[PDB]
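K.L.:
First the structure, then my questions, so here it is.
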Amino acid sequence: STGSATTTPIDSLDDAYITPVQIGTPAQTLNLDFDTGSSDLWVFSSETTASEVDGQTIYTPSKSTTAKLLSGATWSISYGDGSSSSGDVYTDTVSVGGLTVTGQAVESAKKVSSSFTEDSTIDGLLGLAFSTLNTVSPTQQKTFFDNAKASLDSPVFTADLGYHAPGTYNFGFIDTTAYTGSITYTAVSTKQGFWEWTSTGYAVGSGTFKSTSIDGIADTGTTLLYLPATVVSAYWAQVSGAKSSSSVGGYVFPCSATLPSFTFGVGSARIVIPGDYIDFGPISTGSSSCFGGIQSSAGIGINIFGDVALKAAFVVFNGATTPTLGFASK
């Protein structure tokens, strides 16, 4: 089997992307944030504290003939950005772009933090990291991909995120029309539960590529590109007027500036992020100061190839017995 679904930015800055997911019988369609950096599929629901719901579409398990309560099970997650959610657990039929998994754990939120409430466009998350990170207790549950894997024509999914435009998540096949040139594959470590890999280096604008190992994670659920302070400083030094602002929380630059591209290495291959992808707009409405899309990972504890990086590529998440990641230009 295969599946293919369109993913759409939630706003004009590509802060996140939402993909429609069918849950239950009859289907309830919710727009979920596919997150290769976590491993829980959780939704706003009829059980979510009413005061914490503000415009989201909710899952109502009592209206699904296929919903089953996982007796006594709970879940609770905290994300890198400080947000969180928790609740109880159902299994139900879940379909993405024509691909159906029966008995998928659908984690129903009883509580969500303010950042989720405040985002009316995101009805939940669909985790696509390794199932070892799943937070269900007492018994961990498998991700949608892990459950679908054996049935897929090939044990892969691909992310093809758009810049200020829709893109595509495919399951079970590689669309050879969706990229230019060849896909370069690189090794993955699953030791921390992430799609963790080692970039071979970077370049700033037209500068000569610097060969240096950068361990990090491919994370569709993170907006920006978070890299070591050395790398990030080298980038912003090439932008007139750019500076790191503790007040704002990162590198800012004059909105009128021309941003250089940023290149990262995948083996001997190279992915070029156009300068415009690194512009995240005015720091506040009406400001002439803009927020940068490449920021330091110092104090995160891990480098993160988030949407800023991934949307410059066609990305293969190869869930074979020994997982790998593939990147192509597009």
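By convention here, the chains of the structure tokens are called A, B, ... in the order presented, each chain's residues are numbered starting at 1, and ligands are numbered starting at 1 in the order presented.
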Which residues are near residue 320 in chain A? Cut-off 12 Å, only C-alpha atoms, ignore same chain within fewer than 4 positions. Put them as a ChimeraX atom specification.

P.N.:
/A:145-146,149-150,152-157,172,187-188,316,324-325

K.L.:
Could you pull out the strand (DSSP E) residues of range 31-214 of chain A from DSSP and send them as number ranges by chain?

P.N.:
A: 31-35, 41-43, 68-78, 84-96, 99-112, 124-127, 156-160, 167-171, 184-187, 196-204, 210-214

K.L.:
Leaving out range 110-126 of chain A and any residue of its chain fewer than 3 positions from it, which residues lie within 6 Å of it when counting only C-alpha atoms, given as a ChimeraX atom specification?

P.N.:
/A:30-35,41-44,47-49,52-57,83-87

K.L.:
Considering only C-alpha atoms, can you say which of A:239, A:58, A:183, A:70 comes closest to residue 137 in chain A?

P.N.:
A:70

K.L.:
Write out as a ChimeraX atom specification which residues come within 12 Å of residue 95 in chain A when counting only C-alpha atoms, dropping same-chain ones fewer than 2 positions away.

P.N.:
/A:1-5,19-30,32,92-93,97-104,106,126,144-145,147-148,171

K.L.:
Quick one: everything within 8 Å of residue 264 in chain A, counting only C-alpha atoms, minus sequence neighbours fewer than 6 positions away in the same chain. Send it as a list in words.

P.N.:
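The filter keeps residues 199, 200, 201, 202, 203, 270, 271 and 272 of chain A.
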
K.L.:
From the set A:315, A:18, A:290, A:64, which residue has the shortest atom-to-atom contact distance to residue 250 in chain A, counting only C-alpha atoms?

P.N.:
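Among A:315, A:18, A:290, A:64, it is A:290 that comes nearest to residue 250 in chain A.
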
K.L.:
Give me the residues within 7 Å of residue 178 in chain A as a ChimeraX atom specification, counting only C-alpha atoms and dropping any in the same chain fewer than 2 places off.

P.N.:
/A:175-176,330
